[PDB]
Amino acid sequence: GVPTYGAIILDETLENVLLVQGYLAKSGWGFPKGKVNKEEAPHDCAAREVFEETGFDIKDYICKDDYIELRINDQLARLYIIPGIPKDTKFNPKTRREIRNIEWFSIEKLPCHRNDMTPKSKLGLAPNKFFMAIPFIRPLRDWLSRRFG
């Protein structure tokens, strides 16, 4: 799989994160990110995808060492961590054929796993609208604990 790059944008209080909602196969909420172009550097791809999906330019704010990276079914996803972005910032996606909505969410209220169906004696997991975000939540909380306490 081709690697994806994007960002975790936090507000000034460090309580809230910015998620985007896609369409169809991507119909739920996730961090902004997308596939790298041939010859494109990781930091440039992250700024390009976040700008297409949110209208906000991160280029002057990226720190090269500050990111969370996960491998999900053999595709690598790297999200640069971007704190301190005010909640009154005006976000407007570029690619509105791909992005339904853009909203701030409370980090303490977001799930860090889906729920099972053991009350129904049935295997698998119940649907969750945060499915794309969920794998990053626990690693984010651990990262913020260490850097900020």
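Numbering starts at 1 and follows the sequence shown.
Higher mean CA temperature factor, per the PDB entry, when comparing 62-70 with 118-126: 118-126. Relative to one another, 97-105 and 36-44 have unequal mean CA B-factors, and 36-44 is the one with the higher figure.
When the CA B factors of the chain's modelled residues are split into thirds, the value for residue 2 lands in the highest one.
In this PDB entry, residue 79 carries a Cα temperature factor that places it within the lowest third of its chain's modelled residues.
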